[PDB]
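> The structure follows.
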Amino acid sequence: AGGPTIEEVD
Amino acid sequence: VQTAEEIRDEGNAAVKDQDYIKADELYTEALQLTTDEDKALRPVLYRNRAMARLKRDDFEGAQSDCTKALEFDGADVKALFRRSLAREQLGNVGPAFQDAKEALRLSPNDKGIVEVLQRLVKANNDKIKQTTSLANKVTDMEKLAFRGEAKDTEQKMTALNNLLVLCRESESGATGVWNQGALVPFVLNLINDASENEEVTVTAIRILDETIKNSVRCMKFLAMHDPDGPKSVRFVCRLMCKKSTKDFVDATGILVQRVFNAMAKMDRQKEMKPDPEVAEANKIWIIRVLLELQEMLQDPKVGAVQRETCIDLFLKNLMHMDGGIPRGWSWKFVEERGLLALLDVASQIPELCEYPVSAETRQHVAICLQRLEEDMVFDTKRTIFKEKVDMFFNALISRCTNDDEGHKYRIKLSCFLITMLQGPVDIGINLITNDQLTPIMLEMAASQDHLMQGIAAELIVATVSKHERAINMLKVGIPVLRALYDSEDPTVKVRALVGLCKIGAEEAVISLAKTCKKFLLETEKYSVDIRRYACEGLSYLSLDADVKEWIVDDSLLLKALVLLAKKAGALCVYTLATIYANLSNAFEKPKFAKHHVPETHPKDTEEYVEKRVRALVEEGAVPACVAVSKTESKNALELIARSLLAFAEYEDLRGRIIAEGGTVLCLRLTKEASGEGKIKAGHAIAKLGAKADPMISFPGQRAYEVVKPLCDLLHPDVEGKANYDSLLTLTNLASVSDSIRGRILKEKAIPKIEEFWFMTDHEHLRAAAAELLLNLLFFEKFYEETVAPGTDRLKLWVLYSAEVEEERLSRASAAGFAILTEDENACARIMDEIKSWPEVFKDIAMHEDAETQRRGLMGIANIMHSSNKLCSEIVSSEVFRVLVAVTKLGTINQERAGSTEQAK
C-alpha cells in the first residue's frame, strides 16, 4: 500500500 | 536548456519504471547539473541514485552515494538503511549493523529496518566465529600456491584455483584471498619467475584480477608500488611486459583494465557508464595511466603483443561515447601527442617498423582510430581532429622523395592510408582524393622494389569500397592491379588478386576463384600471410550463389580454409567470417512487375543452403570460428554469430557443434558481439539448446550464464524469433538443478513466460510454455509464490490439466496439478474460488489421456486426502471415481484407487 516504505525516492 | 530539478523527476520516474540503469544515469547526470550552491537539491539525489545503484548491484556505489548523503543530514534514515543494506552485501556486516541499528531507532517501526537487523544479528554472530575459519582455509593454501611449501605441480595448481574459486565466490571470500595485499607480492613473484608454468602465472593473475574489481583495493594496487605515485602507475601497466606469451599478456591487461574501471567508477561488462565525479576526483591517476599506455605505444622495447594491447586497452577505456571514460579525455588525446602518435603506428608494418609490430597490429589500430573518430561529436572537435590527421599526412608526404631512403616514407604514408581507410574511412577516402597521392602510387607501383610494388597494389585494393569521387585514383589504379597481377612474386601477385577480385562487373569470376584456390590450397609452400589475402579474395567471391556451391564443393578448400584460421587467428575474421557467413546465407535482407526469376539461384534459395551448411560444418567450420573469434571487431562477431545461428538449425548438427566449443563461443558472443551480434548469437544459443541434454552442453555453471540472454530475448515477444526454441531451453535448463531456476527467477522474467500460457492459436509455443513452469515452480521460491499470494494461478494448472482437446498442455499442468496439490493452502484457494470445479474434475477424472487420468486422479486424490471439507464433495465426480476397477489396460487405475482411499 503506497510506497513510503523507503523503496521510493523523493 | 535543462533544470537541475525536473531532470531528477525524470529519474525518480525511472526508478519507478524499473530502469535503474537509467535512474542511476539520470540521477548522476542530473546531479551534474546542480552544484554546491543548491544544497538540499543534491543530498536527495545521492540518496536516490544509491537507491537504484543498490538495485543494480552497485553496492560499493550504493554505499558511497548513501554516506555521501548522510554527509548532509545525520538522520536521513532513508540513507542509513540503503547503506547498511549495501555494506552487509560487501560482506562487511560490521557497521552494517550500526547503520541499520541507528536507522531502526530513527524510524522506530519499519518492518524493513527490522527485517535487515534480524539478518545482521545472526550475522555479527557468525562473523568473527566464521571469518577466522576462512582465514585459515586461506592461509592453508597460501602455502600450497605461493609460499613454497607444496609439492608437485598438480597440487600447487589446484591450491590456486581454490583461492580463485574462493576469491570471486563471494564479496567476502575476495577480501579473504586479498589478505590485505599479501596476495600482490605473491602473485608478482609468479610473474617474475621465469620458469613458473604459464597457466600457474595466468591463474594467479586471475585471482588478483578479481581481487582488484574493488575500487578501493584496486586503487590501492595502483599506488602501492613506489612512494612516487607516477612511478607506480608505470609499474602496473608495464607488468604486461615482464613476460610475453599471448595469455600472460592478456590476463595482465585486465589488471590494467581494472585500474580504469576503478579510477572512473566504470565497468563496460556491467554497462556501468563512469561516474563523472569519481574520475574527475582521482583524475591525476587517469592521466598518468593513459600517458603511460601511450608512451609505450611506441617504446621499441615494448613488445608487439603488449603493443596491440595498449591499443585496445586504449580503445575500450577512452572513447567516452562508448562505455568509456567521461567526455573530454578522448579530446585532449587528439589535441596532443595521443592521436598523432596513435597514427604513427597506423603507418608501420612487420617489414618496416620503428617499434615491434605484428601482422595483426593493424586491425587494432583501425577500429581504434575509427572510434576515436566517432567519439568526437562536436564540429569544433571533428575539426581539430582532421586538422591533425591532415597536419600529419602533410609532414609524412612532403618527405616521400624518390630515393633508396626517402622511399621508406612512401611505404609509411601508404600503409598510413590503408589503415586510415579501414578505420575512420571518411577522413581516409577524403585523403586519397588529393591525387598528390596517386603519382607516388604509380611511382612505387612500377618500380622494381617488390614491397612498394605490393603495398601499392594494396593501397588501392583497400580503396575499392562503393561510391565514387574516389574512383578517380581508382580509374588508373584498377588497371595497374591487372599489370602487377602478372608478377611472379606471389606476395605481389596475391595482394593484387584482391581488389581485382573485389570489383567484378584472366579476371573471370571463376578465374579469380581457381586463383585464391590453389593460392590457398597450397599450404606447405605458400606462406600464411600470403593466404591471408587468398582468403580475403575468395571471400569477395562469396556473395554469389554459383561460387558458394563451388567452394564447399571441394573438401581440400575447407580442410585448408580451416587450417588457415587455425593459424591466422583474428587475421582472417572479417574475411573467413564472410566466407562462412555467405555460404550459409546467414545474411538477412529487408522484406505489372517481375524480378522473381533472378531471385532464383537454387544454390541460394531452398534447402540447397543446407546442402552447404552440412558438409561445411563437417570440415571444422566451427573450430575455425572459435579460432579467429577473439577480436574486439564487432561485425566480425556478428558474422560468426549468424554463421552459428544458421548452423544450429538442422538437428543432428548441433550434436557435435556443441562439442566444438559451440556453447562457449556464441555465449561469449552474447557480451562481445555488437548489435545483432549478441541478438543473432543468442538465438544460436537458444536454438541449440532444446533437443539437447543440459548436462552435456551447459555444465560447470555454463548454465547460470545462459540466462540473461534467452530471458531478455524472450522480452521481444510481441512476436517472432525463437522464443519457443528459448522455451525448450529454459525447460531443459530450469529442469535438473535448482540454482538454475534461481536466476531464471531473479531475472524478473516470469511476467513474460507467464504469457506463453495466455495463448490461443499458439499450441506449440504453449506446449513448453507450461513444460517449463513445471520445472520452474518445481522447487519453492516460485512454489510458495504461486500458491499463497492470490493471483489467479492455480485456476489454470487445473483447467489445462482437464482441458485436453489436444494433450501436452495437460500432462504439463497435470504433474503441475498433482504436485501443486500436496500443499494444503492449495486445496483452499481452489474449492472456494473455483466455480464449477466438479465439472472440470469430472473430465480430467478419467479423461482419455491415459496419463491425465492419473495425474488428475492424483492432483484430485490429494485435494481430498488433505482437508475434509473437500474430502466430502462427492457430487457427481465421486461417481467416476469408483469407475476404474477392472482389467481395463491403462494403469491409470493407480491414482484412481488412490482417490477412493480418502474415504476412511
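Chain lettering (A, B, ...) mirrors the order of the C-alpha cells, residue numbering begins at 1 for each chain separately, and ligand numbering begins at 1 in order of display.
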Sorted by chain and rising residue number, which residues of chain B lie within 12 Å of chain A, and what are their closest atom pairs and distances in Å to one decimal, counting only C-alpha atoms, as a tab-separated table?

residue	atom	partner	partner_atom	distance
B:5	CA	A:10	CA	11.4
B:6	CA	A:10	CA	11.7
B:8	CA	A:10	CA	9.1
B:9	CA	A:10	CA	8.3
B:10	CA	A:10	CA	11.5
B:11	CA	A:9	CA	9.3
B:12	CA	A:9	CA	6.1
B:13	CA	A:9	CA	8.9
B:14	CA	A:9	CA	10.3
B:15	CA	A:9	CA	7.7
B:16	CA	A:8	CA	7.6
B:17	CA	A:8	CA	11.3
B:18	CA	A:8	CA	11.4
B:20	CA	A:9	CA	11.9
B:23	CA	A:9	CA	10.5
B:27	CA	A:9	CA	10.9
B:40	CA	A:10	CA	11.8
B:41	CA	A:10	CA	10.5
B:42	CA	A:10	CA	11.3
B:43	CA	A:10	CA	10.6
B:44	CA	A:10	CA	6.9
B:45	CA	A:10	CA	8.3
B:46	CA	A:9	CA	10.4
B:47	CA	A:9	CA	7.9
B:48	CA	A:9	CA	5.5
B:49	CA	A:9	CA	8.8
B:50	CA	A:9	CA	9.9
B:51	CA	A:9	CA	7.5
B:52	CA	A:9	CA	9.2
B:54	CA	A:7	CA	10.9
B:55	CA	A:7	CA	10.0
B:76	CA	A:6	CA	10.8
B:77	CA	A:6	CA	8.9
B:78	CA	A:6	CA	6.2
B:79	CA	A:6	CA	9.4
B:80	CA	A:6	CA	11.2
B:81	CA	A:6	CA	8.7
B:82	CA	A:6	CA	9.0
B:103	CA	A:6	CA	11.9
B:107	CA	A:5	CA	10.8
B:109	CA	A:5	CA	10.9
B:110	CA	A:5	CA	7.8
B:111	CA	A:5	CA	8.8
B:112	CA	A:5	CA	7.6
B:113	CA	A:5	CA	9.9
> Could you write out, as a ChimeraX atom specification, all the residues of segment 295-471 of chain B that DSSP marks as helix (DSSP H, G or I)?
/B:295,304-318,329-334,337-346,361-374,379-397,407-422,425-432,437-446,450-454,471
> Could you pull the residues within 6 Å of residue 628 of chain B, counting only C-alpha atoms, minus those fewer than 5 positions along the same chain, as a tab-separated table (two decimals) with N, CA, C and O atoms, in the first residue's frame?

chain	number	residue	atom	x	y	z
B	565	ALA	N	42.59	-20.53	-40.64
B	565	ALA	CA	42.05	-19.85	-39.47
B	565	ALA	C	42.74	-20.36	-38.22
B	565	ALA	O	43.06	-19.59	-37.31
B	569	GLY	N	44.44	-16.81	-37.02
B	569	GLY	CA	43.68	-16.20	-35.96
B	569	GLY	C	42.90	-15.00	-36.45
B	569	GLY	O	42.47	-14.97	-37.60
B	570	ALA	N	42.73	-14.01	-35.58
B	570	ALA	CA	41.97	-12.80	-35.90
B	570	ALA	C	42.48	-12.00	-37.10
B	570	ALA	O	42.23	-10.80	-37.19
B	573	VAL	N	39.29	-12.92	-39.74
B	573	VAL	CA	37.96	-12.85	-39.17
B	573	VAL	C	37.02	-12.19	-40.17
B	573	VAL	O	36.24	-12.87	-40.83
> Could you pull the residues within 9 Å of residue 164 of chain B, counting only C-alpha atoms, minus those fewer than 5 positions along the same chain, as a PyMOL selection string?
chain B and resi 159+169+174+177+203-204+206-208+210
> Would you output that residue set with N, CA, C and O atoms, as an mmCIF file, in the first residue's frame?

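Resulting contents of selection.cif:
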data_model
loop_
_atom_site.group_PDB
_atom_site.id
_atom_site.type_symbol
_atom_site.label_atom_id
_atom_site.label_comp_id
_atom_site.auth_asym_id
_atom_site.auth_seq_id
_atom_site.Cartn_x
_atom_site.Cartn_y
_atom_site.Cartn_z
ATOM 1 N N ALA B 159 45.562 -25.846 -5.619
ATOM 2 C CA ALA B 159 45.559 -24.919 -4.489
ATOM 3 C C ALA B 159 45.315 -23.482 -4.934
ATOM 4 O O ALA B 159 44.892 -22.630 -4.153
ATOM 5 N N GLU B 169 33.854 -16.196 -5.428
ATOM 6 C CA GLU B 169 32.646 -16.850 -4.933
ATOM 7 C C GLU B 169 31.778 -15.955 -4.021
ATOM 8 O O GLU B 169 30.578 -16.184 -3.883
ATOM 9 N N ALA B 174 36.610 -12.763 -1.427
ATOM 10 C CA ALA B 174 37.532 -11.983 -2.229
ATOM 11 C C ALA B 174 38.464 -11.279 -1.258
ATOM 12 O O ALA B 174 39.680 -11.496 -1.283
ATOM 13 N N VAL B 177 40.907 -13.621 0.031
ATOM 14 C CA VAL B 177 42.057 -14.096 -0.695
ATOM 15 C C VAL B 177 42.977 -12.890 -0.847
ATOM 16 O O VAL B 177 44.199 -13.045 -0.933
ATOM 17 N N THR B 203 46.657 -18.091 -13.883
ATOM 18 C CA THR B 203 45.690 -18.344 -12.813
ATOM 19 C C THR B 203 45.911 -17.382 -11.657
ATOM 20 O O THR B 203 44.975 -16.747 -11.167
ATOM 21 N N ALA B 204 47.160 -17.267 -11.233
ATOM 22 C CA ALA B 204 47.491 -16.369 -10.139
ATOM 23 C C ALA B 204 47.191 -14.891 -10.470
ATOM 24 O O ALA B 204 46.961 -14.080 -9.564
ATOM 25 N N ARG B 206 44.689 -13.994 -12.492
ATOM 26 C CA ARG B 206 43.228 -14.005 -12.486
ATOM 27 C C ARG B 206 42.612 -13.962 -11.091
ATOM 28 O O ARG B 206 41.456 -13.549 -10.921
ATOM 29 N N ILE B 207 43.374 -14.406 -10.099
ATOM 30 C CA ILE B 207 42.909 -14.351 -8.722
ATOM 31 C C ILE B 207 42.984 -12.863 -8.413
ATOM 32 O O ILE B 207 41.994 -12.244 -8.032
ATOM 33 N N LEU B 208 44.167 -12.294 -8.627
ATOM 34 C CA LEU B 208 44.411 -10.871 -8.409
ATOM 35 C C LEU B 208 43.433 -10.076 -9.280
ATOM 36 O O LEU B 208 42.861 -9.071 -8.841
ATOM 37 N N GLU B 210 40.453 -10.579 -10.084
ATOM 38 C CA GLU B 210 39.218 -10.452 -9.318
ATOM 39 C C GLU B 210 39.369 -9.554 -8.103
ATOM 40 O O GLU B 210 38.661 -8.566 -7.951
#
> Using only C-alpha atoms, which of the listed residues (B:413, B:669, B:425, B:681) sits closest to residue 441 of chain B?
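The shortest atom-to-atom distance to residue 441 of chain B comes from B:413.
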> In terms of the shortest atom-to-atom distance over only C-alpha atoms, which of B:65, B:37, B:823, B:780 is closest to residue 794 of chain B?
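Once distances to residue 794 of chain B are computed over only C-alpha atoms, the minimum belongs to B:823.
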> Tell me which protein, DNA and RNA residues are within 10 Å of residue 517 of chain B, counting only C-alpha atoms, leaving out same-chain ones fewer than 3 positions away, and put them as an MDAnalysis selection string.
chainID B and resid 511:514 520:522 531 534:535 537:538 551 554 556:557 560:561
